[PDB]
Visitor: 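Before I ask anything, let me first share the structure, which is written out below as structure tokens.
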Amino acid sequence: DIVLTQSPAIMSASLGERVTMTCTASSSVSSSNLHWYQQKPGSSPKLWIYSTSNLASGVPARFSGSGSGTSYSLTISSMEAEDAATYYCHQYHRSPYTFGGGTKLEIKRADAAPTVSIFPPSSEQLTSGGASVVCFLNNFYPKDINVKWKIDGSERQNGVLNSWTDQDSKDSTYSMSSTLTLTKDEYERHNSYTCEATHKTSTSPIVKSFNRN
Amino acid sequence: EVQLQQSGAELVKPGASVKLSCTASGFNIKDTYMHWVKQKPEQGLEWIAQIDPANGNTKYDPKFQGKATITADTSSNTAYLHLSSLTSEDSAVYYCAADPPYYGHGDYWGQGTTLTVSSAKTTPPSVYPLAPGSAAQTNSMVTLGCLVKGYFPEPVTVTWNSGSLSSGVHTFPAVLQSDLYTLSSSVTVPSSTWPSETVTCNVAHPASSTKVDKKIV
């Protein structure tokens with residue numbers, strides 16, 4: 001098994017910027033058997049560069065690939081919005097045919113703090129004997145963020161479900177939602193519910209809380 | 001002219017088996033190598049097996065050996081992938097790919113086929129409105145939300161005011177919680193329009209042919 005390592009796994013770059021990502025094999029392969037694939041969300045992987053340096057049909061000229069042996073690289077002279085995607089290198093040299101972990105290329109932009117919002121359970125939901133507290137952390141950058149739930153100053157990690165959206169197609173920001181699910185009971189036996197989040201954008205953890213009623 | 005069409009999305013119960021198909025158009029599969037690739041959700045691509053439709057010779061990746069069986073019917077110009085003793089780890093998208101005789105031109109990959117393994121039954125979503133507990137979340141403007149819990153299978157459609165509200169909307173990807181899906185959609189609107197004008201979130205679950213509307217107070 002020839003292992004392909006791609007680096008970095010995630011990278012950001014502003015438009016017009018030159019971009020280079022690498023792919024190194026654990027053992028040498030024919031430059032002719034190393035290919036790159038582009039994949040955008042929801043779509044199927046597409047052959048981008050074949051045989052190390054040949055552009056596939058319909059691939060922009062700002063793309064180029066280099067290498068031989070165990071080291072390869074894909075370069076974008078001037079990055080455009082439509083370039084944001086995930087790139088996979090693949091070796092069709094010796095089976096089992098392998099794929100690199102891919103490099104996710106995202107659009108870089110000015111840092112932006114998240115606008116938090118905590119939401120208490122629903123009457124309707126409470127009626128069913130369940131209670132879910134939801135916290136929204138919208139439009140921020142970078143994606144790195146750490147949310148914590150505090151029930152009466154106490155940290156709670158049981159029953160939390162987070163979800164992130166992809167880089168916004170318009171403002172290139174990220175969003176996340178975190179839901180803490182408890183019972184009508186164990187929820188009605190606590191007063192303060194806190195949604196805490198630390199973002200590069202701040203050394204002072206952002207907090208949004210509420211008391212029952 | 002070259003194109004690979006794959007069979008439709010599949011929903012199967014654990015323990016069962018399924019047989020996916022990949023029909024090639026614009027070219028004979030006898031003159032090439034057919035491949036099946038699997039991609040787990042948010043994971044990477046994994047090559048599974050290859051076959052020479054000319055002699056039936058097959059190559060497998062050890063970890064799939066036993067579980068997967070690749071076959072091909074050159075007469076119908078079709079390649080199949082059979083998966084047995086299904087489990088949730090088999091849930092993923094499956095692509096069939098043709099090793100081109102000429103790389104330069106053509107997209108030799110298939111659209112992919114989604115395979116979901118669940119023992120869950122179609123379940124309509126429980127929609128719960130999310131209103132702000134009275135607190136200045138952000139200067140003036142405000143943010144509302146809707147919680148879509150315990151539904152199956154994916155997907156659901158979350159619109160605000162039937163469509164009149166498609167600005168500042170954030171619908172988060174569904175996430176599995178006890179075999180059912182849960183999702184949430186937030187909506188941002190200038191402090192001047194709420195609670196002034198009424199805001200409703202419309203959820204639709206095709207599989208269950210249900211459409212709910214929830215107003216926020």
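Proteins come first, then strands; the chains are lettered A, B, ... in the order of their sequence lines, and each starts at number 1. Below, each value reflects all heavy atoms present in this structure, side chains not excepted, and no hydrogens, waters or symmetry copies.
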Visitor: By a 4.5 Å heavy-atom criterion (distance strictly below it), what part of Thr171(B) contacts chain A: side chain, backbone, both, or neither?
Guide: backbone

Visitor: What part of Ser163(A) gets within 4.5 angstrom of chain B, counting heavy atoms only: side chain, backbone, both, or neither?
Guide: both

Visitor: Any side-chain heavy atom of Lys149(B) sitting closer than 4.5 Å to one from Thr181(A)?
Guide: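 They are in contact (side-chain heavy atoms under 4.5 Å apart), so the answer is yes.
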
Visitor: Examine whether an atom of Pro45(A) lies under 4.5 Å from a heavy atom of chain B, and if so say whether it belongs to the side chain, the backbone or both; otherwise answer neither.
Guide: both

Visitor: For chain A, which residues from residues 184-205 of chain B have at least one heavy atom closer than 4.5 Å to it?
Guide: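 Near chain A, by residue number: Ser184(B), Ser185(B), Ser186(B).
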
Visitor: Pick one of side chain, backbone, both or neither for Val142(B), based on which atoms fall under 4.5 Å of a heavy atom in chain A.
Guide: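 The answer is neither part of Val142(B).
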
Visitor: Counting only non-hydrogen atoms closer than 4.5 Å, does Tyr95(B) touch chain A with its backbone (N, CA, C, O), its side chain (CB onward), both, or neither?
Guide: side chain

Visitor: Count the heavy atoms belonging to other residues, nucleotides or ligands that lie under 6.0 Å from CG of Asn211(A), then report whether that count exceeds 12.
Guide: yes

Visitor: With only heavy atoms counted, which part of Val116(A) is less than 4.5 Å from chain B, the side chain, the backbone, both or neither?
Guide: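 Contact with chain B: backbone only.
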
Visitor: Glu124(A) and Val127(B): which non-hydrogen atoms are nearest, and at how many Å?
Guide: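 Looking at all heavy atoms of both residues, the shortest contact is OE2-O, 3.6 Å.
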
Visitor: Just give me the residue among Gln111(B), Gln39(B), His105(B), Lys59(B) that pairs up with chain A most often, heavy atom to heavy atom, under 4.5 Å.
Guide: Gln39(B)

Visitor: Does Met11(A), at its CE atom, have more than 12 non-hydrogen atoms belonging to other residues, nucleotides or ligands within less than 6.0 Å?
Guide: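 Check passes, neighbour count above 12.
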
Visitor: Would you mind checking which part of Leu183(B) comes under 4.5 Å of any heavy atom in chain A, side chain (CB onward), backbone (N, CA, C, O), both or neither?
Guide: neither

Visitor: Heavy-atom distance under 4.5 Å to chain A: side chain of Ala131(B), backbone, both or neither?
Guide: backbone

Visitor: Need one label for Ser132(A): side chain, backbone, both or neither, based on atoms under 4.5 Å from any heavy atom in chain B.
Guide: side chain

Visitor: Are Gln50(B) and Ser95(A) close enough that some pair of their side-chain heavy atoms sits under 4.5 Å apart?
Guide: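 A side-chain contact under 4.5 Å is absent here.
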
Visitor: Is it the case that atom CD in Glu188(A) sees more than 12 heavy atoms from other parts of the structure closer than 6.0 Å?
Guide: yes

Visitor: Which region of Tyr33(B), side chain (C-beta onward) or backbone (N, CA, C, O), has a non-hydrogen atom less than 4.5 Å from a non-hydrogen atom of chain A, or is it both or neither?
Guide: side chain

Visitor: Could you verify whether a donor N or O on one side chain and an acceptor N or O on the other, from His170(B) and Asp168(A), lie under 3.5 Å apart?
Guide: no

Visitor: Using non-hydrogen atoms and a 4.5 Å limit, figure out which bit of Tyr50(A) sits close to chain B: side chain, backbone, both or neither.
Guide: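 Looking at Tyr50(A), just its side chain touches chain B.
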
Visitor: In terms of heavy-atom pairs under 4.5 Å, which option from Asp166(A), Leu47(A), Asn138(A), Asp171(A) contacts chain B the most?
Guide: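 Going by pairs under 4.5 Å, I would pick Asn138(A).
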
Visitor: For residues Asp99(B) and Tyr92(A), is any side-chain donor paired with an opposing acceptor at under 3.5 Å?
Guide: yes

Visitor: Would you say that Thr98(A) contacts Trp47(B) through its side chain, given a criterion of any heavy-atom pair below 4.5 Å between the two side chains?
Guide: no

Visitor: Less than 4.5 Å apart, side chain to side chain, heavy atoms only: is that true for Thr143(B) and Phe119(A)?
Guide: yes

Visitor: Do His90(A) and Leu45(B) make a side-chain contact, defined as non-hydrogen atoms from C-beta onward lying under 4.5 Å apart?
Guide: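 The answer is no, as the side chains (C-beta and beyond) never meet within the 4.5 Å cut-off.
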
Visitor: Is it the backbone or the side chain of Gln137(B) that comes under 4.5 Å from a heavy atom of chain A, or both, or neither?
Guide: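 Both the backbone and the side chain of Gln137(B) come within 4.5 Å of chain A.
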
Visitor: So what's closer than 4.5 Å to chain A heavy atoms on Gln43(B): side chain, backbone, both or neither?
Guide: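 Backbone of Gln43(B) only, per the 4.5 Å heavy-atom cut-off to chain A.
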
Visitor: Could you look at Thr86(A) and say if it's the side chain, the backbone, both or neither that has a heavy atom under 4.5 Å from chain B?
Guide: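 For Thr86(A), no heavy atom lies under 4.5 Å from chain B.
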
